[PDB]
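*Asks:* Contents of entry_25.cif (mmCIF, N, CA and C atoms):
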```
data_work
loop_
_atom_site.label_atom_id
_atom_site.label_comp_id
_atom_site.auth_asym_id
_atom_site.auth_seq_id
_atom_site.Cartn_x
_atom_site.Cartn_y
_atom_site.Cartn_z
N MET U 1 12.40 7.51 -14.00
CA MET U 1 11.72 6.69 -13.02
C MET U 1 10.63 6.13 -13.92
N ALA U 2 10.41 4.83 -13.90
CA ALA U 2 9.37 4.19 -14.68
C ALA U 2 8.61 3.20 -13.79
N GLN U 3 9.23 2.67 -12.72
CA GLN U 3 8.54 1.76 -11.84
C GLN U 3 7.51 2.51 -11.01
N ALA U 4 6.30 1.98 -11.04
CA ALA U 4 5.20 2.53 -10.28
C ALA U 4 5.06 1.76 -8.98
N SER U 5 4.69 2.45 -7.91
CA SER U 5 4.47 1.86 -6.61
C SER U 5 3.00 1.98 -6.21
N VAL U 6 2.65 1.21 -5.19
CA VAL U 6 1.33 1.30 -4.57
C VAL U 6 1.36 2.54 -3.67
N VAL U 7 0.37 3.42 -3.83
CA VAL U 7 0.24 4.66 -3.07
C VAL U 7 -1.19 4.68 -2.50
N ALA U 8 -1.33 5.06 -1.23
CA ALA U 8 -2.61 5.14 -0.55
C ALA U 8 -3.51 6.18 -1.20
N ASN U 9 -4.69 5.74 -1.62
CA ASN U 9 -5.67 6.58 -2.28
C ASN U 9 -6.61 7.23 -1.28
N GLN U 10 -6.51 6.88 0.01
CA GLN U 10 -7.27 7.49 1.10
C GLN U 10 -6.50 7.20 2.37
N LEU U 11 -6.86 7.78 3.51
CA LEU U 11 -6.18 7.43 4.74
C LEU U 11 -6.59 6.00 5.05
N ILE U 12 -5.62 5.13 5.25
CA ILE U 12 -5.86 3.76 5.63
C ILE U 12 -5.57 3.70 7.14
N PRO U 13 -6.58 3.58 8.02
CA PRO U 13 -6.39 3.51 9.47
C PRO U 13 -5.56 2.29 9.86
N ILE U 14 -4.88 2.36 11.00
CA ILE U 14 -4.10 1.25 11.49
C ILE U 14 -4.99 0.04 11.62
N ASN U 15 -4.41 -1.09 11.24
CA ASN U 15 -5.04 -2.39 11.29
C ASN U 15 -6.17 -2.63 10.28
N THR U 16 -6.36 -1.73 9.31
CA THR U 16 -7.32 -1.96 8.23
C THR U 16 -6.86 -3.02 7.22
N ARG U 17 -7.78 -3.87 6.78
CA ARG U 17 -7.52 -4.83 5.72
C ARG U 17 -7.69 -4.03 4.42
N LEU U 18 -6.71 -4.12 3.53
CA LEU U 18 -6.70 -3.34 2.31
C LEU U 18 -7.78 -3.73 1.34
N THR U 19 -8.44 -2.75 0.72
CA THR U 19 -9.40 -3.03 -0.35
C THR U 19 -8.89 -2.34 -1.62
N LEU U 20 -9.42 -2.72 -2.78
CA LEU U 20 -9.01 -2.14 -4.04
C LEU U 20 -9.17 -0.64 -4.15
N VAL U 21 -10.19 -0.02 -3.55
CA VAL U 21 -10.31 1.44 -3.66
C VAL U 21 -9.27 2.17 -2.83
N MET U 22 -8.55 1.47 -1.96
CA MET U 22 -7.55 2.14 -1.16
C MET U 22 -6.21 2.29 -1.85
N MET U 23 -6.02 1.70 -3.03
CA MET U 23 -4.69 1.63 -3.61
C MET U 23 -4.63 2.13 -5.04
N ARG U 24 -3.78 3.11 -5.30
CA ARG U 24 -3.57 3.55 -6.67
C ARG U 24 -2.12 3.24 -7.05
N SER U 25 -1.78 3.43 -8.31
CA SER U 25 -0.47 3.15 -8.84
C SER U 25 0.12 4.50 -9.22
N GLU U 26 1.37 4.77 -8.84
CA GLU U 26 1.98 6.06 -9.10
C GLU U 26 3.49 5.97 -9.15
N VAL U 27 4.21 6.75 -9.98
CA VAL U 27 5.67 6.64 -10.01
C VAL U 27 6.11 7.67 -8.99
N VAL U 28 6.72 7.16 -7.93
CA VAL U 28 7.10 7.97 -6.79
C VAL U 28 8.49 7.54 -6.38
N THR U 29 9.20 8.39 -5.65
CA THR U 29 10.54 8.09 -5.18
C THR U 29 10.52 8.38 -3.69
N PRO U 30 11.03 7.54 -2.77
CA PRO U 30 11.51 6.18 -3.05
C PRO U 30 10.46 5.17 -3.53
N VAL U 31 10.91 4.05 -4.09
CA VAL U 31 9.97 3.07 -4.61
C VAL U 31 9.45 2.28 -3.41
N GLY U 32 8.19 1.89 -3.45
CA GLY U 32 7.58 1.07 -2.43
C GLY U 32 7.17 -0.28 -3.01
N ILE U 33 6.08 -0.87 -2.55
CA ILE U 33 5.60 -2.14 -3.09
C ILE U 33 5.21 -1.94 -4.56
N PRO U 34 5.59 -2.81 -5.50
CA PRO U 34 5.33 -2.67 -6.93
C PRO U 34 3.84 -2.59 -7.17
N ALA U 35 3.40 -1.66 -8.03
CA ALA U 35 1.99 -1.49 -8.36
C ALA U 35 1.32 -2.77 -8.83
N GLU U 36 2.14 -3.62 -9.44
CA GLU U 36 1.73 -4.92 -9.95
C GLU U 36 1.19 -5.83 -8.83
N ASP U 37 1.68 -5.65 -7.60
CA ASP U 37 1.26 -6.44 -6.47
C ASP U 37 -0.06 -6.03 -5.85
N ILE U 38 -0.77 -4.98 -6.30
CA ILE U 38 -2.06 -4.59 -5.73
C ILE U 38 -3.03 -5.77 -5.60
N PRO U 39 -3.25 -6.66 -6.59
CA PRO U 39 -3.98 -7.91 -6.42
C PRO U 39 -3.71 -8.70 -5.16
N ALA U 40 -2.42 -8.93 -4.92
CA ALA U 40 -1.94 -9.73 -3.80
C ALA U 40 -2.05 -9.05 -2.44
N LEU U 41 -2.35 -7.75 -2.42
CA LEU U 41 -2.48 -7.00 -1.18
C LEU U 41 -3.89 -6.93 -0.59
N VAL U 42 -4.92 -7.18 -1.38
CA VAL U 42 -6.30 -7.11 -0.92
C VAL U 42 -6.49 -8.12 0.20
N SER U 43 -7.12 -7.61 1.26
CA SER U 43 -7.42 -8.29 2.51
C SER U 43 -6.26 -8.38 3.45
N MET U 44 -5.09 -7.87 3.07
CA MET U 44 -3.95 -7.91 3.98
C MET U 44 -4.03 -6.67 4.86
N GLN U 45 -3.56 -6.79 6.09
CA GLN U 45 -3.69 -5.73 7.07
C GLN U 45 -2.45 -4.83 7.17
N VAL U 46 -2.63 -3.53 7.27
CA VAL U 46 -1.49 -2.63 7.47
C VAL U 46 -1.22 -2.50 8.96
N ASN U 47 0.04 -2.38 9.36
CA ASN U 47 0.39 -2.35 10.77
C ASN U 47 0.57 -0.95 11.33
N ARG U 48 0.25 0.04 10.51
CA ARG U 48 0.31 1.43 10.87
C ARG U 48 -0.64 2.23 10.02
N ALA U 49 -0.96 3.44 10.47
CA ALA U 49 -1.84 4.34 9.73
C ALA U 49 -1.08 4.81 8.49
N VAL U 50 -1.73 4.75 7.34
CA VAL U 50 -1.11 5.18 6.10
C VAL U 50 -1.89 6.40 5.63
N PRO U 51 -1.38 7.62 5.73
CA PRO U 51 -2.03 8.81 5.20
C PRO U 51 -2.19 8.80 3.68
N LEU U 52 -3.24 9.48 3.18
CA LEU U 52 -3.47 9.73 1.77
C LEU U 52 -2.18 10.21 1.08
N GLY U 53 -1.90 9.56 -0.05
CA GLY U 53 -0.76 9.92 -0.85
C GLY U 53 0.53 9.25 -0.38
N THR U 54 0.54 8.39 0.65
CA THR U 54 1.76 7.76 1.14
C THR U 54 2.06 6.50 0.34
N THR U 55 3.34 6.29 0.03
CA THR U 55 3.77 5.06 -0.62
C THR U 55 3.69 3.89 0.35
N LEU U 56 3.06 2.78 -0.06
CA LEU U 56 3.03 1.59 0.77
C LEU U 56 4.37 0.88 0.68
N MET U 57 5.01 0.69 1.82
CA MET U 57 6.28 0.00 1.88
C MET U 57 6.10 -1.43 2.36
N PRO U 58 7.01 -2.39 2.07
CA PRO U 58 6.92 -3.78 2.52
C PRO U 58 6.67 -3.96 4.01
N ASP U 59 7.37 -3.16 4.80
CA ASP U 59 7.26 -3.20 6.25
C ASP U 59 5.95 -2.65 6.82
N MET U 60 5.05 -2.12 6.01
CA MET U 60 3.79 -1.60 6.52
C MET U 60 2.66 -2.63 6.42
N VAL U 61 2.87 -3.74 5.71
CA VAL U 61 1.83 -4.73 5.48
C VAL U 61 2.19 -6.00 6.24
N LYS U 62 1.30 -6.42 7.13
CA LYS U 62 1.49 -7.65 7.89
C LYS U 62 1.37 -8.86 6.97
N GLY U 63 2.37 -9.73 6.95
CA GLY U 63 2.35 -10.92 6.12
C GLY U 63 2.88 -10.69 4.71
N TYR U 64 3.31 -9.48 4.35
CA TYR U 64 3.82 -9.26 3.02
C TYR U 64 5.24 -9.80 2.93
N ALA U 65 5.40 -10.68 1.96
CA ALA U 65 6.69 -11.19 1.57
C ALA U 65 6.46 -11.43 0.07
N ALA U 66 7.35 -10.85 -0.72
CA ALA U 66 7.29 -10.90 -2.17
C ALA U 66 8.59 -10.22 -2.54
#
```
Would you put the structure from the file into structure tokens?
*Replies:*
Amino acid sequence: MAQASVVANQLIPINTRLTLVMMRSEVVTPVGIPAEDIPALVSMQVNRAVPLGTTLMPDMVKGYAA
């Protein structure tokens, strides 16, 4: 496994706009949103509560298409 995904660095409450301290990069399985996309995720809103350590998936971010 070499692809890193975006993983929640703290609990992200439902409907929170993402900030840089909320997102770390980690190689996890299954793969989620590419770690490379963390720039493009700032200020985007999550549509569900994301617990600490959870992989951010495409379907959890409102407006994410990439």
*Asks:* Would you compute the distance between atom C of residue 1 (chain U) and atom N of residue 63 (chain U)? Give it in Å to one decimal.
*Replies:*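 Here the two named atoms are 27.5 Å from each other.
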*Asks:* Which residues, named as in the file, does the PyMOL selection byres ((chain U and resi 28-40) around 6) pick out? Answer as JSON, numbers by chain.
*Replies:* {"U": [3, 4, 5, 6, 25, 26, 27, 41, 42, 55, 56, 57, 58]}
*Asks:* Nearest to residue 19 (chain U) among U:7, U:66, U:44, U:50, with distances taken over only N, CA and C atoms: which residue is it?
*Replies:* U:44
*Asks:* Nearest residue to residue 21 (chain U) out of U:2, U:9, U:43, U:59, using all atoms listed in the file?
*Replies:*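 Of U:2, U:9, U:43, U:59, the one nearest residue 21 (chain U), counting all atoms listed in the file, is U:9.
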*Asks:* Which residues are near residue 62 (chain U)? Cut-off 5 Å, only N, CA and C atoms, ignore same chain within fewer than 3 positions. Put them as a list in words.
*Replies:*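 Final neighbour list, sorted by chain and number: residues 45, 46 and 47 of chain U.
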*Asks:* Find the distance between CA of residue 49 (chain U) and CA of residue 10 (chain U) and write it in Å to one decimal.
*Replies:*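 For CA of residue 49 (chain U) relative to CA of residue 10 (chain U), the distance reads 10.7 Å.
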*Asks:* Could you tell me how far atom N of residue 60 (chain U) lies from atom N of residue 48 (chain U), in Å and to one decimal?
*Replies:* 6.9 Å
*Asks:* Let me have the centre and edge lengths in Å, one decimal, of the box along x, y and z around every listed atom of region 6-18 of chain U with 3 Å of margin on each side, as AutoDock Vina command-line options.
*Replies:*
```
--center_x -2.6 --center_y 1.5 --center_z 3.2 --size_x 16.4 --size_y 18.6 --size_z 22.8
```
*Asks:* Run DSSP on the backbone of this structure and report the residues of chain U it assigns to helix (DSSP H, G or I), as a ChimeraX atom specification.
*Replies:* /U:20-22,35-41,58-60
*Asks:* Among chain U, which residues does DSSP mark as strand (DSSP E or B) when it is run on the backbone? Keep the chain and numbering as in the structure and answer as number ranges by chain.
*Replies:* U: 5-8, 12, 17, 23-26, 34, 45-46, 50, 55, 61
*Asks:* Complete the atom set of region 27-47 of chain U to N, CA, C and O atoms and return it as a PDB file, keeping the file's coordinate frame.
*Replies:*
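Saved to result.pdb:
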```pdb
ATOM      1  N   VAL U  27       4.210   6.750  -9.980  1.00  0.00           N
ATOM      2  CA  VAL U  27       5.670   6.640 -10.010  1.00  0.00           C
ATOM      3  C   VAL U  27       6.110   7.670  -8.990  1.00  0.00           C
ATOM      4  O   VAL U  27       5.832   8.864  -9.086  1.00  0.00           O
ATOM      5  N   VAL U  28       6.720   7.160  -7.930  1.00  0.00           N
ATOM      6  CA  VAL U  28       7.100   7.970  -6.790  1.00  0.00           C
ATOM      7  C   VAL U  28       8.490   7.540  -6.380  1.00  0.00           C
ATOM      8  O   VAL U  28       8.900   6.427  -6.737  1.00  0.00           O
ATOM      9  N   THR U  29       9.200   8.390  -5.650  1.00  0.00           N
ATOM     10  CA  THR U  29      10.540   8.090  -5.180  1.00  0.00           C
ATOM     11  C   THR U  29      10.520   8.380  -3.690  1.00  0.00           C
ATOM     12  O   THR U  29      10.038   9.461  -3.321  1.00  0.00           O
ATOM     13  N   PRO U  30      11.030   7.540  -2.770  1.00  0.00           N
ATOM     14  CA  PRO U  30      11.510   6.180  -3.050  1.00  0.00           C
ATOM     15  C   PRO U  30      10.460   5.170  -3.530  1.00  0.00           C
ATOM     16  O   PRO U  30       9.257   5.397  -3.450  1.00  0.00           O
ATOM     17  N   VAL U  31      10.910   4.050  -4.090  1.00  0.00           N
ATOM     18  CA  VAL U  31       9.970   3.070  -4.610  1.00  0.00           C
ATOM     19  C   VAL U  31       9.450   2.280  -3.410  1.00  0.00           C
ATOM     20  O   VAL U  31      10.168   2.093  -2.434  1.00  0.00           O
ATOM     21  N   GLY U  32       8.190   1.890  -3.450  1.00  0.00           N
ATOM     22  CA  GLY U  32       7.580   1.070  -2.430  1.00  0.00           C
ATOM     23  C   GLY U  32       7.170  -0.280  -3.010  1.00  0.00           C
ATOM     24  O   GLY U  32       7.847  -0.854  -3.878  1.00  0.00           O
ATOM     25  N   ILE U  33       6.080  -0.870  -2.550  1.00  0.00           N
ATOM     26  CA  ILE U  33       5.600  -2.140  -3.090  1.00  0.00           C
ATOM     27  C   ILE U  33       5.210  -1.940  -4.560  1.00  0.00           C
ATOM     28  O   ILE U  33       4.569  -0.928  -4.861  1.00  0.00           O
ATOM     29  N   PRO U  34       5.590  -2.810  -5.500  1.00  0.00           N
ATOM     30  CA  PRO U  34       5.330  -2.670  -6.930  1.00  0.00           C
ATOM     31  C   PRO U  34       3.840  -2.590  -7.170  1.00  0.00           C
ATOM     32  O   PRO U  34       3.088  -3.393  -6.628  1.00  0.00           O
ATOM     33  N   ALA U  35       3.400  -1.660  -8.030  1.00  0.00           N
ATOM     34  CA  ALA U  35       1.990  -1.490  -8.360  1.00  0.00           C
ATOM     35  C   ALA U  35       1.320  -2.770  -8.830  1.00  0.00           C
ATOM     36  O   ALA U  35       0.140  -3.039  -8.587  1.00  0.00           O
ATOM     37  N   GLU U  36       2.140  -3.620  -9.440  1.00  0.00           N
ATOM     38  CA  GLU U  36       1.730  -4.920  -9.950  1.00  0.00           C
ATOM     39  C   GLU U  36       1.190  -5.830  -8.830  1.00  0.00           C
ATOM     40  O   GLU U  36       0.295  -6.652  -9.046  1.00  0.00           O
ATOM     41  N   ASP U  37       1.680  -5.650  -7.600  1.00  0.00           N
ATOM     42  CA  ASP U  37       1.260  -6.440  -6.470  1.00  0.00           C
ATOM     43  C   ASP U  37      -0.060  -6.030  -5.850  1.00  0.00           C
ATOM     44  O   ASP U  37      -0.481  -6.722  -4.922  1.00  0.00           O
ATOM     45  N   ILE U  38      -0.770  -4.980  -6.300  1.00  0.00           N
ATOM     46  CA  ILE U  38      -2.060  -4.590  -5.730  1.00  0.00           C
ATOM     47  C   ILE U  38      -3.030  -5.770  -5.600  1.00  0.00           C
ATOM     48  O   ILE U  38      -3.584  -5.921  -4.511  1.00  0.00           O
ATOM     49  N   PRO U  39      -3.250  -6.660  -6.590  1.00  0.00           N
ATOM     50  CA  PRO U  39      -3.980  -7.910  -6.420  1.00  0.00           C
ATOM     51  C   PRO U  39      -3.710  -8.700  -5.160  1.00  0.00           C
ATOM     52  O   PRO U  39      -4.631  -9.089  -4.431  1.00  0.00           O
ATOM     53  N   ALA U  40      -2.420  -8.930  -4.920  1.00  0.00           N
ATOM     54  CA  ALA U  40      -1.940  -9.730  -3.800  1.00  0.00           C
ATOM     55  C   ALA U  40      -2.050  -9.050  -2.440  1.00  0.00           C
ATOM     56  O   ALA U  40      -1.916  -9.712  -1.407  1.00  0.00           O
ATOM     57  N   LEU U  41      -2.350  -7.750  -2.420  1.00  0.00           N
ATOM     58  CA  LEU U  41      -2.480  -7.000  -1.180  1.00  0.00           C
ATOM     59  C   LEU U  41      -3.890  -6.930  -0.590  1.00  0.00           C
ATOM     60  O   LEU U  41      -4.071  -6.628   0.604  1.00  0.00           O
ATOM     61  N   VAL U  42      -4.920  -7.180  -1.380  1.00  0.00           N
ATOM     62  CA  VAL U  42      -6.300  -7.110  -0.920  1.00  0.00           C
ATOM     63  C   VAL U  42      -6.490  -8.120   0.200  1.00  0.00           C
ATOM     64  O   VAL U  42      -6.015  -9.263   0.132  1.00  0.00           O
ATOM     65  N   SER U  43      -7.120  -7.610   1.260  1.00  0.00           N
ATOM     66  CA  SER U  43      -7.420  -8.290   2.510  1.00  0.00           C
ATOM     67  C   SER U  43      -6.260  -8.380   3.450  1.00  0.00           C
ATOM     68  O   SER U  43      -6.413  -8.919   4.549  1.00  0.00           O
ATOM     69  N   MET U  44      -5.090  -7.870   3.070  1.00  0.00           N
ATOM     70  CA  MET U  44      -3.950  -7.910   3.980  1.00  0.00           C
ATOM     71  C   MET U  44      -4.030  -6.670   4.860  1.00  0.00           C
ATOM     72  O   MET U  44      -4.598  -5.653   4.466  1.00  0.00           O
ATOM     73  N   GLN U  45      -3.560  -6.790   6.090  1.00  0.00           N
ATOM     74  CA  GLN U  45      -3.690  -5.730   7.070  1.00  0.00           C
ATOM     75  C   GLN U  45      -2.450  -4.830   7.170  1.00  0.00           C
ATOM     76  O   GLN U  45      -1.321  -5.305   7.077  1.00  0.00           O
ATOM     77  N   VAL U  46      -2.630  -3.530   7.270  1.00  0.00           N
ATOM     78  CA  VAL U  46      -1.490  -2.630   7.470  1.00  0.00           C
ATOM     79  C   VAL U  46      -1.220  -2.500   8.960  1.00  0.00           C
ATOM     80  O   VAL U  46      -2.136  -2.570   9.795  1.00  0.00           O
ATOM     81  N   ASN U  47       0.040  -2.380   9.360  1.00  0.00           N
ATOM     82  CA  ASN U  47       0.390  -2.350  10.770  1.00  0.00           C
ATOM     83  C   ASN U  47       0.570  -0.950  11.330  1.00  0.00           C
ATOM     84  O   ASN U  47       0.930  -0.757  12.500  1.00  0.00           O
TER      85      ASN U  47
END
```
